[PDB]
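Undergrad: Have a peek at target33.txt (compact mmCIF, C-alpha atoms and all ligand atoms).
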```txt
# COMPACT_ATOMS: atom_id res chain seq x y z
CA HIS C 1 -0.93 -9.94 -5.70
CA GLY C 2 -1.22 -6.22 -5.92
CA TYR C 3 0.50 -2.81 -5.64
CA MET C 4 -0.34 0.83 -5.25
CA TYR C 5 -1.43 2.51 -8.48
CA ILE C 6 -2.60 6.09 -7.71
CA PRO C 7 -0.67 8.11 -6.84
CA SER C 8 1.91 6.22 -8.82
CA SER C 9 4.04 4.14 -6.46
CA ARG C 10 7.71 3.30 -6.70
CA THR C 11 6.59 -0.20 -7.74
CA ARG C 12 4.43 1.19 -10.56
CA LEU C 13 7.38 3.33 -11.71
CA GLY C 14 9.72 0.37 -11.57
CA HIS C 15 7.48 -1.64 -13.87
CA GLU C 16 6.89 1.28 -16.22
CA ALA C 17 10.64 1.97 -16.38
CA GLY C 18 11.18 -1.60 -17.63
CA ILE C 19 12.92 -2.86 -14.50
CA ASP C 20 10.20 -4.81 -12.62
CA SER C 21 8.59 -7.66 -14.59
CA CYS C 22 6.04 -8.37 -11.85
CA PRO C 23 5.09 -5.26 -9.89
CA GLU C 24 2.29 -7.12 -8.12
CA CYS C 25 4.79 -9.76 -6.87
CA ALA C 26 6.50 -7.67 -4.17
CA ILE C 27 5.43 -9.75 -1.18
CA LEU C 28 6.19 -9.94 2.50
CA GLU C 29 6.08 -13.63 3.36
CA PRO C 30 6.25 -15.86 5.29
CA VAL C 31 4.41 -13.80 7.94
CA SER C 32 1.38 -13.85 10.14
CA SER C 33 -0.86 -11.31 8.41
CA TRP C 34 -4.09 -12.06 10.28
CA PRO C 35 -5.81 -11.26 12.58
CA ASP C 36 -3.20 -8.89 14.10
CA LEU C 37 -2.59 -6.75 11.11
CA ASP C 38 0.49 -4.88 12.49
CA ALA C 39 2.26 -7.48 14.58
CA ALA C 40 4.42 -9.10 11.85
CA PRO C 41 7.81 -7.49 11.35
CA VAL C 42 8.24 -6.00 7.89
CA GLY C 43 11.78 -7.35 7.45
CA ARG C 44 13.47 -6.50 4.21
CA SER C 45 10.14 -5.46 2.65
CA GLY C 46 9.87 -2.36 4.72
CA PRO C 47 7.21 0.26 4.09
CA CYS C 48 7.97 0.42 0.34
CA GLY C 49 8.32 -3.24 -0.57
CA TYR C 50 10.99 -5.61 -1.80
CA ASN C 51 10.50 -7.61 -5.03
CA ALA C 52 12.40 -10.86 -4.55
CA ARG C 53 12.49 -12.16 -8.11
CA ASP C 54 14.34 -9.16 -9.73
CA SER C 55 15.97 -8.29 -6.23
CA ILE C 56 14.47 -4.76 -6.24
CA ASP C 57 14.39 -2.89 -2.93
CA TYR C 58 11.91 -0.01 -3.29
CA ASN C 59 12.97 1.51 0.04
CA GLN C 60 15.95 3.21 -1.73
CA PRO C 61 15.52 5.65 -4.67
CA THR C 62 17.19 4.98 -7.98
CA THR C 63 17.19 6.90 -11.28
CA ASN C 64 13.81 5.29 -11.94
CA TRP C 65 11.93 6.10 -8.68
CA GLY C 66 12.06 8.05 -5.49
CA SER C 67 13.90 11.20 -6.58
CA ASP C 68 10.96 13.51 -6.65
CA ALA C 69 7.27 13.67 -5.73
CA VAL C 70 5.06 12.08 -8.36
CA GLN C 71 2.07 14.23 -7.37
CA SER C 72 1.47 17.28 -5.14
CA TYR C 73 -1.46 17.81 -2.81
CA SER C 74 -2.66 20.21 -0.05
CA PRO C 75 -2.81 19.55 3.67
CA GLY C 76 -6.11 17.97 4.66
CA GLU C 77 -7.06 17.30 1.04
CA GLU C 78 -9.34 14.31 0.38
CA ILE C 79 -7.64 12.36 -2.41
CA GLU C 80 -8.21 9.33 -4.57
CA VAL C 81 -6.01 6.37 -3.70
CA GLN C 82 -6.05 3.25 -5.89
CA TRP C 83 -4.29 -0.11 -5.88
CA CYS C 84 -4.24 -2.80 -8.53
CA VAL C 85 -5.10 -6.41 -7.77
CA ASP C 86 -4.26 -9.33 -10.05
CA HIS C 87 -7.23 -11.63 -10.77
CA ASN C 88 -5.31 -14.75 -10.11
CA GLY C 89 -4.77 -14.78 -6.41
CA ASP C 90 -7.19 -12.06 -5.09
CA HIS C 91 -8.41 -13.62 -1.84
CA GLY C 92 -9.77 -10.53 -0.15
CA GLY C 93 -8.47 -9.15 3.14
CA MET C 94 -7.88 -5.63 4.46
CA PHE C 95 -5.78 -2.72 3.30
CA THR C 96 -4.72 0.76 4.31
CA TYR C 97 -2.61 3.81 3.46
CA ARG C 98 -0.25 5.60 5.87
CA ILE C 99 1.90 8.75 6.04
CA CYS C 100 4.79 9.09 8.47
CA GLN C 101 4.81 12.63 9.88
CA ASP C 102 8.47 12.43 10.93
CA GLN C 103 10.46 13.88 8.08
CA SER C 104 13.82 12.81 9.48
CA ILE C 105 12.72 9.17 9.43
CA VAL C 106 11.35 9.46 5.95
CA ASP C 107 14.52 11.14 4.68
CA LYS C 108 16.44 7.83 5.03
CA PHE C 109 14.14 6.42 2.30
CA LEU C 110 14.75 9.41 -0.04
CA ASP C 111 18.54 9.03 -0.52
CA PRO C 112 19.79 7.18 -3.54
CA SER C 113 23.16 6.65 -1.87
CA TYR C 114 21.67 4.96 1.21
CA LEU C 115 19.88 1.66 1.79
CA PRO C 116 17.84 1.53 5.00
CA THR C 117 18.66 -1.35 7.33
CA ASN C 118 15.90 -3.74 8.44
CA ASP C 119 15.86 -1.99 11.83
CA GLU C 120 15.37 1.38 10.12
CA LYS C 121 12.61 -0.19 7.95
CA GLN C 122 10.85 -1.29 11.12
CA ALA C 123 11.13 2.01 12.90
CA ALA C 124 9.73 3.63 9.73
CA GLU C 125 6.92 1.05 9.61
CA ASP C 126 6.02 1.97 13.20
CA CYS C 127 5.85 5.64 12.18
CA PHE C 128 3.62 4.75 9.25
CA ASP C 129 1.36 2.72 11.56
CA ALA C 130 1.00 5.83 13.80
CA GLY C 131 0.21 7.82 10.68
CA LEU C 132 -2.48 5.56 9.26
CA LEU C 133 -5.08 7.48 7.21
CA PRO C 134 -8.43 6.24 8.50
CA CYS C 135 -11.26 5.27 6.12
CA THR C 136 -13.57 7.11 8.51
CA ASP C 137 -11.81 10.52 8.10
CA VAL C 138 -13.53 10.99 4.78
CA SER C 139 -17.06 12.19 5.48
CA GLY C 140 -19.58 9.99 3.67
CA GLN C 141 -17.23 7.10 2.97
CA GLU C 142 -18.70 3.77 4.15
CA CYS C 143 -16.23 1.93 6.35
CA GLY C 144 -17.31 -1.56 7.20
CA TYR C 145 -15.77 -4.53 8.97
CA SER C 146 -14.26 -7.59 7.26
CA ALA C 147 -16.40 -10.62 6.61
CA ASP C 148 -13.31 -12.57 7.70
CA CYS C 149 -13.16 -11.06 11.20
CA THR C 150 -15.27 -11.27 14.36
CA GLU C 151 -15.56 -8.71 17.14
CA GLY C 152 -12.85 -9.25 19.73
CA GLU C 153 -10.19 -10.03 17.13
CA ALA C 154 -7.38 -7.61 16.19
CA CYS C 155 -8.77 -7.29 12.66
CA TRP C 156 -12.01 -5.61 13.95
CA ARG C 157 -11.10 -2.06 12.99
CA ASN C 158 -12.69 0.19 10.41
CA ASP C 159 -9.77 2.59 10.10
CA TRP C 160 -8.46 0.07 7.59
CA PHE C 161 -10.41 -0.62 4.44
CA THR C 162 -11.84 -4.03 3.68
CA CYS C 163 -12.17 -5.99 0.53
CA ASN C 164 -15.49 -7.65 -0.09
CA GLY C 165 -16.10 -11.11 1.29
CA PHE C 166 -14.36 -13.95 -0.48
CA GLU C 167 -17.54 -16.04 -0.45
CA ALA C 168 -19.97 -13.45 -1.78
CA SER C 169 -22.07 -14.55 -4.72
CA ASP C 170 -21.96 -11.01 -6.21
CA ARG C 171 -18.80 -8.91 -6.39
CA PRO C 172 -16.58 -10.98 -4.05
CA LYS C 173 -13.05 -10.23 -3.00
CA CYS C 174 -10.91 -7.18 -3.61
CA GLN C 175 -12.00 -7.02 -7.24
CA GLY C 176 -15.61 -6.57 -6.11
CA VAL C 177 -14.92 -3.22 -4.44
CA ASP C 178 -14.84 -1.36 -7.77
CA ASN C 179 -16.10 -4.16 -10.08
CA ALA C 180 -13.86 -2.67 -12.72
CA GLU C 181 -12.96 -4.08 -16.09
CA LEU C 182 -10.10 -6.50 -16.73
CA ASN C 183 -6.87 -4.65 -17.25
CA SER C 184 -8.17 -1.42 -15.80
CA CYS C 185 -4.68 -1.34 -14.22
CA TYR C 186 -1.57 -3.36 -15.13
CA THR C 187 -0.58 -6.67 -13.68
CA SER C 188 1.81 -9.09 -15.20
CA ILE C 189 0.32 -12.48 -14.19
CA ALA C 190 -3.23 -12.41 -15.38
CA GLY C 191 -4.41 -8.87 -15.62
CA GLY C 192 -5.45 -6.29 -13.19
CA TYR C 193 -8.39 -4.66 -11.54
CA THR C 194 -8.53 -1.32 -9.74
CA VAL C 195 -9.45 -1.02 -6.06
CA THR C 196 -10.31 2.62 -5.31
CA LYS C 197 -10.94 4.59 -2.11
CA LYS C 198 -10.49 8.09 -0.68
CA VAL C 199 -8.26 9.23 2.16
CA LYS C 200 -7.88 12.56 3.92
CA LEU C 201 -4.27 13.71 3.90
CA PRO C 202 -2.83 14.88 7.24
CA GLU C 203 -2.51 18.53 8.04
CA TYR C 204 1.21 18.46 7.42
CA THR C 205 3.55 19.94 4.86
CA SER C 206 6.50 18.38 3.02
CA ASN C 207 8.05 18.91 -0.39
CA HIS C 208 8.84 15.20 -0.46
CA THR C 209 7.35 12.49 1.77
CA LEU C 210 5.79 9.02 1.32
CA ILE C 211 2.42 7.40 1.36
CA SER C 212 2.70 3.68 2.14
CA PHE C 213 0.10 1.09 1.06
CA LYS C 214 -0.32 -2.13 3.03
CA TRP C 215 -2.60 -5.07 2.15
CA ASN C 216 -3.01 -8.08 4.48
CA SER C 217 -4.49 -11.43 3.49
CA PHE C 218 -6.66 -13.53 5.84
CA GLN C 219 -6.52 -17.05 4.39
CA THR C 220 -2.79 -17.16 3.79
CA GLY C 221 0.03 -15.32 5.55
CA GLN C 222 1.08 -12.54 3.23
CA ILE C 223 1.36 -8.77 3.12
CA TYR C 224 1.87 -6.49 0.10
CA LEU C 225 3.53 -3.09 0.68
CA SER C 226 4.19 -0.19 -1.73
CA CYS C 227 4.97 3.47 -1.33
CA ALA C 228 4.55 6.62 -3.37
CA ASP C 229 6.60 9.79 -3.30
CA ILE C 230 4.29 12.79 -2.77
CA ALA C 231 4.36 16.46 -1.81
CA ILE C 232 1.89 18.15 0.53
CA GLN C 233 2.15 21.91 0.12
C1 LIG L 301 9.61 23.53 -0.43
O1 LIG L 301 10.77 24.08 -1.09
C2 LIG L 301 10.59 25.46 -1.36
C3 LIG L 301 11.87 25.90 -2.07
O2 LIG L 301 12.00 25.24 -3.38
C4 LIG L 301 10.43 26.22 -0.03
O3 LIG L 301 10.12 27.57 -0.31
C5 LIG L 301 9.25 25.67 0.78
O4 LIG L 301 9.09 26.25 2.08
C6 LIG L 301 9.41 24.14 0.93
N1 LIG L 301 8.23 23.54 1.51
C7 LIG L 301 8.26 22.74 2.58
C8 LIG L 301 6.99 22.16 3.05
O5 LIG L 301 9.30 22.55 3.18
ZN ZN L 302 -1.10 -5.15 16.20
ZN ZN L 303 16.81 14.17 -3.16
ZN ZN L 304 12.38 13.89 12.97
```
Could I get this file's structure written as structure tokens?
TA:
Amino acid sequence: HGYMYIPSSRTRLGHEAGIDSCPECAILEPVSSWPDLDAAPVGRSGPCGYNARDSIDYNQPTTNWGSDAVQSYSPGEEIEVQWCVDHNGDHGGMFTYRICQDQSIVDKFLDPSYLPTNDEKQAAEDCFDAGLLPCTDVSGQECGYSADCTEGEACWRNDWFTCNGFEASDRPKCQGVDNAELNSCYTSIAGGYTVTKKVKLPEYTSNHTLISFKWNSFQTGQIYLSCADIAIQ
């Protein structure tokens, strides 16, 4: 279970506003999450996530998220991106961050008076997939392959990030990436650990667009999606 932490995602804001009791519980399931990381339809989850237990659709702004950019950046800037993983239930896998460079598509996710349909969520997801921010765009960042993949499979791609191996004796799983302290970021279930990387923002301007986080599991069929409202100026 996890969600995007920095920049602050809609999910983070929904928990901090007192609405979402389990920000890490916004899950896309049942799906095939592995090895073809992009084949499963996103359904109601969309690029921003849907939290089933409080019926919270993060693809639509409310007074508590989505009105405005939470943070402003420059085109091409290399930025910190962090997600928070709950200790109970971290089983590794692969994750990524994406920016859709089609403002008219994104705009349907920025309107508090409009709820994107599942078809619109999927077209947006496709735009996000085209706008994936590769690990390898950041000079000096080490971008390895998953210990849960073999060459020839659709998971063998180092544009996505990988968690550490599940089976490692030292620093396994997603928690092992940073080896941070317990409750270094909030989760509701058992306490949270940061998972930190860098991405290079596209050379693109917007006063209000989205960065969408996606995390795919290998051992079970599940995907976690979040999105953050940002500006690139
Ligand atoms: C952002 O809005 C300001 C007006 O408040 C405008 O001058 C500027 O060009 C806009 N930037 C983008 C990227 O559209
Ligand atoms: Zn695919
Ligand atoms: Zn607006
Ligand atoms: Zn357009």
Undergrad: Of the candidates C:58, C:34, C:109, C:5, which one gets nearest to ligand ZN 303 (chain L) if we count only C-alpha atoms and all ligand atoms?
TA: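 Residue with the minimum atom-to-atom distance to ligand ZN 303 (chain L): C:109.
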Undergrad: From (-5.7, 7.8, 4.8), in the file's coordinates, out to 12 Å: which residues are reached, counting all atoms listed in the file? Answer as a PDB file with C-alpha atoms, keeping the file's coordinate frame.
TA:
```pdb
ATOM      1  CA  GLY C  76      -6.110  17.970   4.660  1.00  0.00           C
ATOM      2  CA  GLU C  77      -7.060  17.300   1.040  1.00  0.00           C
ATOM      3  CA  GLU C  78      -9.340  14.310   0.380  1.00  0.00           C
ATOM      4  CA  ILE C  79      -7.640  12.360  -2.410  1.00  0.00           C
ATOM      5  CA  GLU C  80      -8.210   9.330  -4.570  1.00  0.00           C
ATOM      6  CA  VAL C  81      -6.010   6.370  -3.700  1.00  0.00           C
ATOM      7  CA  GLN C  82      -6.050   3.250  -5.890  1.00  0.00           C
ATOM      8  CA  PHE C  95      -5.780  -2.720   3.300  1.00  0.00           C
ATOM      9  CA  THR C  96      -4.720   0.760   4.310  1.00  0.00           C
ATOM     10  CA  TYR C  97      -2.610   3.810   3.460  1.00  0.00           C
ATOM     11  CA  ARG C  98      -0.250   5.600   5.870  1.00  0.00           C
ATOM     12  CA  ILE C  99       1.900   8.750   6.040  1.00  0.00           C
ATOM     13  CA  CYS C 100       4.790   9.090   8.470  1.00  0.00           C
ATOM     14  CA  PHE C 128       3.620   4.750   9.250  1.00  0.00           C
ATOM     15  CA  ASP C 129       1.360   2.720  11.560  1.00  0.00           C
ATOM     16  CA  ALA C 130       1.000   5.830  13.800  1.00  0.00           C
ATOM     17  CA  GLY C 131       0.210   7.820  10.680  1.00  0.00           C
ATOM     18  CA  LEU C 132      -2.480   5.560   9.260  1.00  0.00           C
ATOM     19  CA  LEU C 133      -5.080   7.480   7.210  1.00  0.00           C
ATOM     20  CA  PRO C 134      -8.430   6.240   8.500  1.00  0.00           C
ATOM     21  CA  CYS C 135     -11.260   5.270   6.120  1.00  0.00           C
ATOM     22  CA  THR C 136     -13.570   7.110   8.510  1.00  0.00           C
ATOM     23  CA  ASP C 137     -11.810  10.520   8.100  1.00  0.00           C
ATOM     24  CA  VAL C 138     -13.530  10.990   4.780  1.00  0.00           C
ATOM     25  CA  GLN C 141     -17.230   7.100   2.970  1.00  0.00           C
ATOM     26  CA  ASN C 158     -12.690   0.190  10.410  1.00  0.00           C
ATOM     27  CA  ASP C 159      -9.770   2.590  10.100  1.00  0.00           C
ATOM     28  CA  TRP C 160      -8.460   0.070   7.590  1.00  0.00           C
ATOM     29  CA  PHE C 161     -10.410  -0.620   4.440  1.00  0.00           C
ATOM     30  CA  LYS C 197     -10.940   4.590  -2.110  1.00  0.00           C
ATOM     31  CA  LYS C 198     -10.490   8.090  -0.680  1.00  0.00           C
ATOM     32  CA  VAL C 199      -8.260   9.230   2.160  1.00  0.00           C
ATOM     33  CA  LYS C 200      -7.880  12.560   3.920  1.00  0.00           C
ATOM     34  CA  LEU C 201      -4.270  13.710   3.900  1.00  0.00           C
ATOM     35  CA  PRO C 202      -2.830  14.880   7.240  1.00  0.00           C
ATOM     36  CA  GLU C 203      -2.510  18.530   8.040  1.00  0.00           C
ATOM     37  CA  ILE C 211       2.420   7.400   1.360  1.00  0.00           C
ATOM     38  CA  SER C 212       2.700   3.680   2.140  1.00  0.00           C
ATOM     39  CA  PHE C 213       0.100   1.090   1.060  1.00  0.00           C
ATOM     40  CA  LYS C 214      -0.320  -2.130   3.030  1.00  0.00           C
TER      41      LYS C 214
END
```
Undergrad: Could you tell me which of C:140, C:61, C:191, C:116 comes closest to ligand ZN 303 (chain L) if we count all atoms listed in the file?
TA: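 Of all the options, C:61 lies closest to ligand ZN 303 (chain L).
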Undergrad: Ligand LIG 301 (chain L): which residues are within 12 Å, counting only C-alpha atoms and all ligand atoms? Reply as a list in words.
TA: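 The residues within 12 Å of ligand LIG 301 (chain L), counting only C-alpha atoms and all ligand atoms, are residues 68, 69, 72, 73, 74, 75, 101, 103, 203, 204, 205, 206, 207, 208, 209, 230, 231, 232 and 233 of chain C.
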Undergrad: What is the distance, in Å and to one decimal place, between atom CA of residue 17 of chain C and atom CA of residue 124 of chain C?
TA: 26.2 Å
Undergrad: With distances taken over all atoms listed in the file, which of C:63, C:127, C:43, C:56 is nearest to ligand ZN 304 (chain L)?
TA: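 The closest residue to ligand ZN 304 (chain L) is C:127.
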Undergrad: Find the spatial neighbours of segment 83-87 of chain C, counting all atoms listed in the file, within a cut-off of 7 Å - ignore same-chain residues fewer than 3 positions away - and output them as a VMD selection string.
TA: chain C and resid 1 to 6 90 175 185 187 189 to 196
Undergrad: Residues of chain C that approach ligand ZN 304 (chain L) to 6 Å or less, counting all atoms listed in the file: could you list each one with the shortest pair of atoms and its distance in Å to one decimal, rows by chain and increasing residue number, as a tab-separated table?
TA:
```
residue	atom	partner	partner_atom	distance
C:102	CA	L:ZN304	ZN	4.6
C:103	CA	L:ZN304	ZN	5.3
C:104	CA	L:ZN304	ZN	3.9
C:105	CA	L:ZN304	ZN	5.9
```
Undergrad: Which neighbours of residue 112 of chain C fall inside 10 Å, counting all atoms listed in the file, when residues of the same chain fewer than 6 positions from it are skipped, and could you give them as a VMD selection string?
TA: chain C and resid 59 to 63 65 to 67
Undergrad: Quick one: residues within 7 Å of (12.8, -6.8, -14.0) (file frame), counting all atoms listed in the file, please, as a list in words.
TA: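 Within 7 Å of (12.8, -6.8, -14.0), the protein and nucleic acid residues are residues 18, 19, 20, 21 and 54 of chain C.
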Undergrad: Within 12 Å of residue 149 of chain C, counting all atoms listed in the file, which residues qualify if same-chain residues fewer than 4 places away don't, as a VMD selection string?
TA: chain C and resid 34 to 37 92 to 94 144 to 145 153 to 158 162 to 163 165 217 to 219
Undergrad: Please dump the current selection as a CSV table (one decimal), in the coordinates of the input; keep C-alpha atoms.
TA:
```csv
chain,number,residue,atom,x,y,z
C,34,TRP,CA,-4.1,-12.1,10.3
C,35,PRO,CA,-5.8,-11.3,12.6
C,36,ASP,CA,-3.2,-8.9,14.1
C,37,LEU,CA,-2.6,-6.8,11.1
C,92,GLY,CA,-9.8,-10.5,-0.2
C,93,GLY,CA,-8.5,-9.2,3.1
C,94,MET,CA,-7.9,-5.6,4.5
C,144,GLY,CA,-17.3,-1.6,7.2
C,145,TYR,CA,-15.8,-4.5,9.0
C,153,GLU,CA,-10.2,-10.0,17.1
C,154,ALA,CA,-7.4,-7.6,16.2
C,155,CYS,CA,-8.8,-7.3,12.7
C,156,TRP,CA,-12.0,-5.6,14.0
C,157,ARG,CA,-11.1,-2.1,13.0
C,158,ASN,CA,-12.7,0.2,10.4
C,162,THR,CA,-11.8,-4.0,3.7
C,163,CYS,CA,-12.2,-6.0,0.5
C,165,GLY,CA,-16.1,-11.1,1.3
C,217,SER,CA,-4.5,-11.4,3.5
C,218,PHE,CA,-6.7,-13.5,5.8
C,219,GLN,CA,-6.5,-17.0,4.4
```
Undergrad: Just to confirm, what's the straight-line distance from atom CA of residue 152 of chain C to atom CA of residue 167 of chain C in Å (one decimal)?
TA: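 Straight-line distance from atom CA of residue 152 of chain C to atom CA of residue 167 of chain C works out to 21.8 Å.
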Undergrad: Quick one: everything within 12 Å of residue 41 of chain C, counting all atoms listed in the file, minus sequence neighbours fewer than 6 positions away in the same chain. Send it as a PyMOL selection string.
TA: chain C and resi 28-33+47+118-126+222-223
Undergrad: To one decimal place in Å, what is the distance between atom CA of residue 221 of chain C and atom CA of residue 15 of chain C?
TA: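 Interatomic distance, atom CA of residue 221 of chain C to atom CA of residue 15 of chain C: 24.9 Å.
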Undergrad: Return the padded bounding box of segment 112-123 of chain C as JSON: axis-aligned, built from all atoms listed in the file, 6 Å added on each side, with centre and edge lengths in Å to one decimal.
TA:
```
{"center_x": 17.0, "center_y": 1.7, "center_z": 4.7, "size_x": 24.3, "size_y": 22.9, "size_z": 28.4}
```
Undergrad: Of the candidates C:11, C:71, C:22, C:229, which one gets nearest to residue 49 of chain C if we count only C-alpha atoms?
TA: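 Nearest to residue 49 of chain C: C:11.
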Undergrad: Under the rule that all atoms listed in the file are counted, which of C:166, C:114, C:215, C:224 is the nearest residue to ligand ZN 303 (chain L)?
TA: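 Ranked by minimum distance to ligand ZN 303 (chain L), first place goes to C:114.
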Undergrad: Restricting the calculation to all atoms listed in the file: of C:143, C:91, C:108, C:9, which residue gets closest to residue 176 of chain C?
TA: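 Of C:143, C:91, C:108, C:9, the one nearest residue 176 of chain C is C:91, counting all atoms listed in the file.
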Undergrad: At the level of C-alpha atoms, write segment 70-101 of chain C to a file as a short mmCIF file (atom, residue, chain, number, x, y, z; two decimals), in the first residue's frame, please.
TA:
```cif
data_model
loop_
_atom_site.label_atom_id
_atom_site.label_comp_id
_atom_site.auth_asym_id
_atom_site.auth_seq_id
_atom_site.Cartn_x
_atom_site.Cartn_y
_atom_site.Cartn_z
CA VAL C 70 0.89 22.46 -4.78
CA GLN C 71 4.43 23.25 -6.00
CA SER C 72 5.98 25.13 -8.95
CA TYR C 73 9.00 24.05 -10.95
CA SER C 74 10.95 24.99 -14.13
CA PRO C 75 11.00 23.16 -17.44
CA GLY C 76 13.69 20.49 -17.49
CA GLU C 77 14.28 20.78 -13.74
CA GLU C 78 15.53 17.65 -11.95
CA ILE C 79 13.24 17.26 -8.94
CA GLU C 80 12.81 15.05 -5.92
CA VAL C 81 9.84 12.71 -6.13
CA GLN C 82 8.87 10.58 -3.12
CA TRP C 83 6.18 8.03 -2.35
CA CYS C 84 5.23 6.46 0.96
CA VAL C 85 4.98 2.71 1.42
CA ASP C 86 3.23 1.03 4.35
CA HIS C 87 5.34 -1.65 6.08
CA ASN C 88 2.59 -4.14 6.15
CA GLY C 89 2.17 -5.21 2.58
CA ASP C 90 5.33 -3.85 0.83
CA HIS C 91 6.11 -6.65 -1.64
CA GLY C 92 8.39 -4.77 -3.98
CA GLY C 93 7.67 -4.22 -7.67
CA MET C 94 8.21 -1.29 -10.04
CA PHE C 95 7.06 2.30 -10.08
CA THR C 96 7.13 5.42 -12.20
CA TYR C 97 6.03 9.03 -12.56
CA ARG C 98 4.39 10.54 -15.67
CA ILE C 99 3.30 13.94 -17.03
CA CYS C 100 0.72 14.26 -19.79
CA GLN C 101 1.82 17.02 -22.19
#
```
